[PDB]
4 protein chains.
Amino acid sequence: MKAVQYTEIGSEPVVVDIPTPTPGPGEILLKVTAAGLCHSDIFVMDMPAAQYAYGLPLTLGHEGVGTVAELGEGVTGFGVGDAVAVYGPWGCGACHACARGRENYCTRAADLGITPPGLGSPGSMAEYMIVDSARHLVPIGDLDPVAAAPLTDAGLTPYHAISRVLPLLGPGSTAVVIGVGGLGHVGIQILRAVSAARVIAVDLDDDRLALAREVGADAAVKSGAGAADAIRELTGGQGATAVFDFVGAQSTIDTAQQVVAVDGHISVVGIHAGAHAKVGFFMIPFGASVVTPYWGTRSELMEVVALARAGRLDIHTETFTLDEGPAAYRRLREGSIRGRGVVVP
Amino acid sequence: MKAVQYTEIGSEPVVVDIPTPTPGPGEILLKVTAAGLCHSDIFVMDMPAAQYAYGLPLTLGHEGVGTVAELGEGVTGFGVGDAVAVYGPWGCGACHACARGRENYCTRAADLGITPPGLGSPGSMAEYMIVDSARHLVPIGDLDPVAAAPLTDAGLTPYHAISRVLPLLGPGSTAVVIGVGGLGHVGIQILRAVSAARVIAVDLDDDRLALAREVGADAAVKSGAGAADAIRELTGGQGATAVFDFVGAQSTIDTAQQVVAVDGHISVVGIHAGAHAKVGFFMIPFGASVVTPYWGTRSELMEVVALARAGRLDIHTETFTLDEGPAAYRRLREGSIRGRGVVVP
Amino acid sequence: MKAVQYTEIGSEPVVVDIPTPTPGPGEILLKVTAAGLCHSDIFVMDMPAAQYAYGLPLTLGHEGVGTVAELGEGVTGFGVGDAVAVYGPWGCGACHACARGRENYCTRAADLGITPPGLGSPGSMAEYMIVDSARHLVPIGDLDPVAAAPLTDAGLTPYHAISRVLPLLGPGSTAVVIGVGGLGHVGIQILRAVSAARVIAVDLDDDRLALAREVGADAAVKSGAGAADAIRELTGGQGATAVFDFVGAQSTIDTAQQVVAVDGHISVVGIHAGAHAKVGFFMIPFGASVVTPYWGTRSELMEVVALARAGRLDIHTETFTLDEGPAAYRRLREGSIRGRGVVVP
Amino acid sequence: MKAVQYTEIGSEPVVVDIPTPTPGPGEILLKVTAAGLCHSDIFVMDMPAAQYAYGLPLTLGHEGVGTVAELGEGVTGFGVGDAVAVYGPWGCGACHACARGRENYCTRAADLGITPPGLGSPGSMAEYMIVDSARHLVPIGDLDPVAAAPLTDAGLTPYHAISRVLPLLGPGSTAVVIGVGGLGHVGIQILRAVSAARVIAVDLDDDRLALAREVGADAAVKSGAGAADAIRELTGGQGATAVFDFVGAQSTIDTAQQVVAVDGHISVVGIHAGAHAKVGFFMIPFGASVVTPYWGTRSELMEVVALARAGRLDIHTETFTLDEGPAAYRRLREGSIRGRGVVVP
Ligand SMILES: NC(=O)c1ccc[n+]([C@@H]2O[C@H](COP(=O)([O-])OP(=O)(O)OC[C@H]3O[C@@H](n4cnc5c(N)ncnc54)[C@H](O)[C@@H]3O)[C@@H](O)[C@H]2O)c1
Ligand SMILES: NC(=O)c1ccc[n+]([C@@H]2O[C@H](COP(=O)([O-])OP(=O)(O)OC[C@H]3O[C@@H](n4cnc5c(N)ncnc54)[C@H](O)[C@@H]3O)[C@@H](O)[C@H]2O)c1
Ligand SMILES: NC(=O)c1ccc[n+]([C@@H]2O[C@H](COP(=O)([O-])OP(=O)(O)OC[C@H]3O[C@@H](n4cnc5c(N)ncnc54)[C@H](O)[C@@H]3O)[C@@H](O)[C@H]2O)c1
Ligand SMILES: NC(=O)c1ccc[n+]([C@@H]2O[C@H](COP(=O)([O-])OP(=O)(O)OC[C@H]3O[C@@H](n4cnc5c(N)ncnc54)[C@H](O)[C@@H]3O)[C@@H](O)[C@H]2O)c1
Ligand SMILES: [Zn+2]
Ligand SMILES: [Zn+2]
Ligand SMILES: [Zn+2]
Ligand SMILES: [Zn+2]
Ligand SMILES: [Zn+2]
Ligand SMILES: [Zn+2]
Ligand SMILES: [Zn+2]
Ligand SMILES: [Zn+2]
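Here the residues of each chain are numbered from 1 in the order the sequence is written, which can differ from the numbering of the entry; residues without coordinates are not included. Throughout, the order in which chains and ligands are written sets their labels, letters from A for the former and numbers from 1 for the latter. By convention in this description, side-chain values take in all heavy atoms of the structure and omit both hydrogens and water.

For this coordinate set, the PDB header names X-ray crystallography as the determination method and states a resolution of 2.000 Å.

Per the PDB entry, chain A goes by ADH-A and derives from Rhodococcus ruber. The title line of the PDB record says "Structure of ADH-A from Rhodococcus ruber".

Shown next, in the form of structure tokens:
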């Protein structure tokens, strides 16, 4: 089968031919119908040799949608042909966090060597993929697979981050979204669907600001040195109830601390090496909590799928072939994918 | 009347003789029965002239209990003789936060120049004090005033910090308490009363470790370079569900980040200028939130008083006269008060 | 001044001339700009002499908006001319419930004879009204008073009822609204604004079904014997996550129990003498909780006003003069006010 | 193997000899070390033929602990020898409720015919039992099996009921526990461990009131006509924040409604044919929610075990042989087991 793999430290992903896999006991083989590119793939491929821990080669792609092709021995709950999305942050399934479907916060996964598809286990950017267990599949019914693939991360991660502090986001609240890319442009729509928050979007690029308005942002602000003041002008000196930073650079985190309200929240979702919020007296308002959330929970993925089926999400995508896999990643690096890049095998 | 005041930037507090205040409309005059010393007083008195903002002179004492002595015009809801504790973090009373009793997170107080007694307004460390409004008094009934004064902050503050994440502290959880002083020793007892968390205490002083055990900590380990390893030995690789740092030095925050669990919590309660948690990827576990909480809410103060009335709080105190005020603050600076220092005018 | 009063048991309200009131200490005098009619007014007037406890005469009107006309001694926080809404369920202001702004659940108000305007205290259906304390006024800025008056109950009450179980109403959830009248037509709109719930409206009146669709209901079905089956056809055998019954007749409550989901919720909001949910095994699904909520909290009222200011609420009203007061109550009785009747003095 | 089975409508259970089961794919065979008797078993056996739905014969016992004796094909996560407690309310594992581990509220189980061991599937009152899947096993380590068995229901069910409203039970709150039997005597101890509530116990029998005090009730009161007054005598006319009714007869539910506080909670846990709370205006206080909860969640069972391991639970048991099975049910019917009856095969 055809797949797109990271094969050498510091090199670009390449199209390879590798054996179509066979599902073992408990496992499920999907024919992949759509595979999303995530900016985290770029972070991974940029890691120095001394830090990269996912193994080589690695079939990329941790946003996966497909149809069930073959059932491993003993698998129940799905039949051949079923359209499903892959729950990515695999956990042990048995610890206290896993018991609540919070497998993203599994306390055993690291020790047991359990890794996500595309991030340690073979990913979805191939004609076929293996899923470890039936509980990491979620039915999507007749959802267009291309729009559905981003739901597994671009949808799921912001959904989780927002969900952590949803009770803060009542009428009169303001939510700031920094970074209107794959995650950001979906995060705006989630905010509008599950809360009455006023949504202020922030990006370096005017066209991304335009995208922000297209998907529902009430306001759009240019990132950089003037952004904090501009956000405050919109909120009055009260500041923003919550800031969801899908960039996570030191500059954006700094902006977030300068606009967040007393008893508010900063979610640092974007990943930038060494960048960090500075949480201490006189450096952040009283009671404004900060967190680096990770991916999302099982029930949350189901909720994201429900938003999509209700027509509440307009996922902006561009489609590529598998052969275009490497070219798509160059486009992602350069910031020319207006939304989510999705490979259709 | 006799009072203890901060009078000169960089000097020691001095016992003075100022006029006895008279309650204006809405105000209540208390005969002060007990005034707690707080380590925050030391921070305030150590601020450079360029940073000190509370005005000179200042009557110290933001932990106050007393008996209703005189009602200002219009005041209803209390009678002369009523024993009361004073709610410290005064708010505008009208904003969204205040409307929920969360006056500590009032978004108007700073602009309106509303300040706490002993931290901008005349404090409790005098024979008498003024309270601005009935809603800032809470009934204590027949509670011993000496052990009651500390409830207003030594109790309230850790109680609020713990309350922010109470749902995390189920059976099986671990709470670490760094700093077993005024706040810490009460924080331990709160944890034991409102949760099933296992409580691990940390301090530099072995006698304070003993105190931690006396008030019900399950374990108590020396602070410093070996603390994180010792803590982890006790919890196993899982780490602590929540860390309540009542020291807030960089070293103690660092320890906090080194032991906190995935999806856990760090509460930086102690105040050390420039000290801050570093919240970013690869520097703290996924999902581990961090906050600097501030004082507490009105209903929380009521709840702390209810804990004390139910005999759940063994508050350790040393009693001083007003004249001993300055000396008591020296005792606190050097760390020789086993618990809370309390002045009885 | 002119006012509409209930003056004798079993009779209709009448237009009377009574003295314009003078604000005492702490009180505020409003020039009333809008007074809403509530169906609870009909319940009150329909009570037998032996049950009616609100005293006679009684100036009706517990939905009130006005401008501050006169300040009582020592009142602060408002100036003459300020546009305000009246928070109705007055509480003691000092109990644990009140300290959280939940004055609707005040545990002292009964004992202290603290009653709401229009429901024991003189109401808003008059040229002027007295408000007991500044904490019972909420600023409405430039909101049109006619549309604003219903926010104080028709908005507040459903808002509170929904807010009790907001975390249940995630994507994929369903909320049934029974009764598309004053409260119901606003409750529909609150659901769409603060949740991703699908909204199914239920009413006896075909024109009210149309109103439900006009204000955002995803579906509307005829009430009565066939309604449960029809609701279930819409939701599949899962049933409705939550049912908000703004009628509260035995028949509508029976419908609610027949459609509510496992671990769902029934909020019996509407008031019908003797009607009640029957909560017992085999009579209702496991975990489906039931409550009769009352009015709403202070912070909730602020949140309702914020919804209105953000253009999230389209309140359907019909305007009457004071002289038309009694005629308007007759219209309310016959069910010919499409939304909320509002008197403009 | 020997087992205790319900074999004939209206008859007592009998000791039988039936084949030892063999684990199918995914299933686990346990050697049973302890099997708890529950009063629900009596309710089941008292069901008329027309209502009884669990099939005959039925091996009784929905409280089970044992050691892993054999793994079915492809089972992972447990080894032969492992000591485990059985999670009883089996769900589909894949719906939105199950994804959160709330299998007790699975919306698919009825339609799929998924039934609990002892309540439709073969129970634990036998030398060996089958568990359908690994996710329904929780490790107990070296916990004594006799005292562990009750954790799976007598512990889990009260734990879940209390957990639904735990935020209500702060310092100053009162929890009433009606019925100090298998569940009740554990419920009292859970309240003391996970909250600061004052616990008032109610029972018909003085010796059960003695039991209540032995396990930490703050007060004990005779059930019946005088109970409501006696509870209010203890709580002051304020009422009880929460009432956990482990009897659930019309009379005890009536008592609960007569004592519950405004904005409080009644949990109808006990099962008595036809009895129900009557939730309507003037029949119950404002905001006081009522629910019939069912069993408990996966993470809750883990928490219960964690309480036991930390020594927070003193489970009163009497031990029986399998041969004494029927005799023990006679003892339970007459109310002469002082706590929980446990069969040790
Ligand atoms: N925490 C998690 O569990 C997790 C999950 C998924 C993605 N991520 C991270 O989230 C981030 C976003 O991922 P993506 O795939 O949506 O990225 P993307 O490449 O699709 O979009 C990046 C967007 O951010 C904007 N941007 C860059 N710098 C900015 C700045 N200084 N200020 C404002 N906007 C700026 C760009 O213009 C672009 O619109 C990445 O860092 C990724 O690694 C984290
Ligand atoms: N966030 C808030 O609203 C707020 C409110 C009250 C107090 N505080 C702060 O809390 C802190 C504690 O106040 P307090 O009155 O309890 O002080 P305290 O003087 O009574 O007690 C200090 C304790 O901390 C211990 N300690 C100091 N350094 C330590 C370290 N490196 N490791 C372990 N233990 C150490 C000491 O041995 C002593 O037992 C102060 O910084 C105070 O300003 C903050
Ligand atoms: N619990 C509280 O705090 C609270 C607060 C305000 C109002 N209420 C109660 O809410 C109820 C509604 O008040 P309102 O002013 O909105 O009433 P309304 O007269 O404005 O509207 C009544 C609506 O209910 C519909 N209706 C009547 N019977 C019905 C039935 N059998 N099935 C379906 N629809 C039916 C009518 O067609 C009409 O559309 C009243 O009982 C009032 O007492 C309770
Ligand atoms: N909802 C659920 O998921 C679930 C789960 C387990 C048990 N239950 C039910 O809970 C109830 C208790 O079960 P158990 O096994 O603990 O019972 P048990 O037989 O062990 O104990 C019953 C206790 O209730 C007392 N009692 C009986 N009538 C009383 C009254 N009128 N007032 C006060 N006390 C009274 C008895 O004296 C005894 O102490 C049963 O009805 C059972 O079916 C429900
Ligand atoms: Zn990603
Ligand atoms: Zn796990
Ligand atoms: Zn202090
Ligand atoms: Zn305020
Ligand atoms: Zn009303
Ligand atoms: Zn009150
Ligand atoms: Zn049972
Ligand atoms: Zn299920």
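Still to come is the rest of the account.
Trainee: I'd like a rundown of the coordination of the zinc ion (ligand 10), residues and numbers included.
Mentor: Residues and elements named next belong to chain C. Surrounding the zinc ion (ligand 10) are the protein donor atoms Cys92 (SG), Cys95 (SG), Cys98 (SG) and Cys106 (SG), which sit 2.3 to 2.4 Å from the metal. Here the coordinating atoms are restricted to nitrogen, oxygen and sulfur within 2.8 Å of the metal centre, or 3.2 Å for Na, K and Ca, and because water is not among them the sites may look incomplete. Donor residues binding the zinc ion (ligand 10) come from one chain and are separated in sequence as C-x2-C-x2-C-x7-C. Each member of the pair, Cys95 as well as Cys98, is classed as buried. The cut-offs for exposure are 20% and 50% of the maximum accessible area for each residue type, with area from a 1.4 Å probe on protein chains only; residues under the lower value are buried, those over the upper are exposed, and the others partly exposed.

Trainee: A description of the site of ligand 3 should follow, citing residues and the corresponding values.
Mentor: By convention in these notes, a residue is near a molecule or strand provided one of its non-hydrogen atoms lies within 4 Å of it. Taken together, 27 residues sit near ligand 3, with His39, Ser40, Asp203, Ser223 and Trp295 of chain C positioned nearest. Nearby residues around ligand 3 are contributed by chains C and D. One of the side-chain N or O atoms of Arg340 of chain C is found 2.8 Å from an oxygen atom in ligand 3. The Shrake-Rupley method, run with a 1.4 Å probe, gives the accessible areas here. Residue values count only the displayed protein chains as cover. In the complex, 87% of the free accessible area of ligand 3, which totals 880 Å², lies under the protein chains. Numbering goes from the N terminus for both helices and strands, where a helix is a DSSP run of H or I of at least four residues and a strand is a run of E of at least two. Secondary-structure elements contributing two or more residues to the shell around ligand 3 are α1 (39-46) and α6 (182-194) of chain C. Classification convention: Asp, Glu, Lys, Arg as charged; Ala, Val, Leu, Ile, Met, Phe, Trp, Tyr, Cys, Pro as nonpolar; all other residues, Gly among them, as polar. Of the residues in the shell around ligand 3, the class split is 14 nonpolar, nine polar and four charged. Domain boundaries shown here were taken from an automatic or database domain assignment. Two domains share the shell around ligand 3, each providing at least three of its residues, namely domain 1 (1-157 + 295-345) and domain 2 (158-294) of chain C. Nitrogen and oxygen atoms within 3.5 Å of one another constitute a polar contact, given that in protein one can donate a hydrogen and the other can accept it, and given that sequence-neighbouring residues count only through two side-chain atoms.

Trainee: Would you mind going over the domain arrangement of chain A in detail, with residue names and values included?
Mentor: All names here are of chain A. Each domain of chain A was delimited in the assignment, giving domain 1 (1-157 + 295-345) and domain 2 (158-294). A separation of 27 Å is found between the C-alpha centroids of domain 1 and domain 2. One speaks of a salt bridge when a side-chain nitrogen belonging to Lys or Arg is within 4 Å of a carboxyl oxygen belonging to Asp or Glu. At the junction of domain 1 and domain 2, the tally comes to two salt bridges. Our count for the contact surface shared by domain 1 and domain 2 stands at 19 residue pairs in polar contact. When residues of the side of domain 1 that touches domain 2 are traced back to their parent elements, those giving at least two are α1 (39-46), α5 (156-164) and α10 (298-309). No other element matches the four residues that α10 contributes to the side of domain 1 that touches domain 2. Taken together, the residues of the side of domain 1 that touches domain 2 sort by class into twelve nonpolar, ten polar and eight charged.

Trainee: Before we move on, can you summarise the interface of chain D and chain C with the specific residues and values?
Mentor: Taken together, the contact pairs 33 residues of chain D with 34 residues of chain C. With both sides pooled, the region where chain D packs onto chain C buries about 2800 Å², and carbon together with sulfur makes up 66% of that total. Accessible area that two parts lose when put together, with a 1.4 Å probe and added across both, is what the buried area reports. Of all residues in chain D, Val279, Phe281 and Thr292 of chain D give up the largest surface area on contact with chain C, accounting jointly for 24% of the area buried on that side. The tally of links from chain D across to chain C stands at four salt bridges. A salt bridge links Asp263 of chain C to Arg164 of chain D; the shortest N-O distance between them is 3.0 Å. Summed over the shared surface of chain D and chain C, the number is eleven residue pairs in polar contact. Looking at the side of chain D that touches chain C, the elements that each hand over two or more residues are β13 (260-268), β14 (277-279) and β15 (289-291) of chain D. Strands were regarded as paired on the criterion that DSSP finds at least two bridges between them. Summarising the sheet, strand β14 (residues 277-279) of chain C and β14 of chain D pair through three bridges and their orientation is antiparallel. Each residue of the ladder has a partner; that of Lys278 of chain C, found in β14 of chain D, is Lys278 of chain D. Should any heavy atoms of two residues lie within 4.5 Å, those residues are counted as being in contact.

Trainee: Outline the relation of the copies chain B and chain A, listing residues and values.
Mentor: To overlay the copies, their C-alpha atoms are matched by a least-squares fit. Once chain B is rotated about the relating axis by 180 degrees and shifted along it by 0.0 Å, it coincides with chain A to within an RMSD of 0.2 Å. Such a turn and shift between the copies fits a two-fold axis. A high fraction, 100%, of the interface residues of chain B reappear at the interface in chain A, so the copies pair face to face through one surface.

Trainee: Before we move on, can you summarise the coordination of the zinc ion (ligand 12) with the specific residues and values?
Mentor: Residue and element names in this part refer to chain D. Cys92 (SG), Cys95 (SG), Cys98 (SG) and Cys106 (SG) make up the full set of protein donors to the zinc ion (ligand 12), lying at 2.3 to 2.4 Å. If you look at the zinc ion (ligand 12), its four donor atoms make angles of 101 to 116 degrees with each other, and the shape they trace is tetrahedral. Mapping the donors of the zinc ion (ligand 12) onto the primary sequence gives the spacing C-x2-C-x2-C-x7-C. The rule is simple: four donors are tetrahedral if all their angles sit between 85 and 135 degrees, four are square planar and six octahedral if opposite donors span more than 155 degrees and the others lie between 65 and 115, and anything that fits none of that is irregular.

Trainee: Before we move on, can you summarise the pairing of strand β13 (residues 260-268) of chain C with the specific residues and values?
Mentor: The two faces of a sheet get side chains in turn, since along a regular strand they alternate between them. Residues and elements named next belong to chain C. Burial within β13 is extensive, with eight of its nine residues counted as buried. Where strand β12 (residues 240-245) and β13 come together, five bridges link them in parallel fashion. Paired with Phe244 across the strands is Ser267, a residue of β13. With three bridges joining them, β13 and strand β15 (residues 289-291) adopt parallel strand pairing. Paired with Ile266 across the strands is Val290, a residue of β15.

Trainee: Kindly report on the side chain of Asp263 of chain D, identifying the contributing residues and their values.
Mentor: Among the structural elements, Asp263 of chain D can be located in strand β13. On the accessibility criterion, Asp263 of chain D (12% relative accessible area) is buried. Apart from the residues within four sequence positions on either side, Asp263 of chain D is in contact with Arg102, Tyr105 and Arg164 of chain C together with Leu168, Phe286, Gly287 and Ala288 of chain D.

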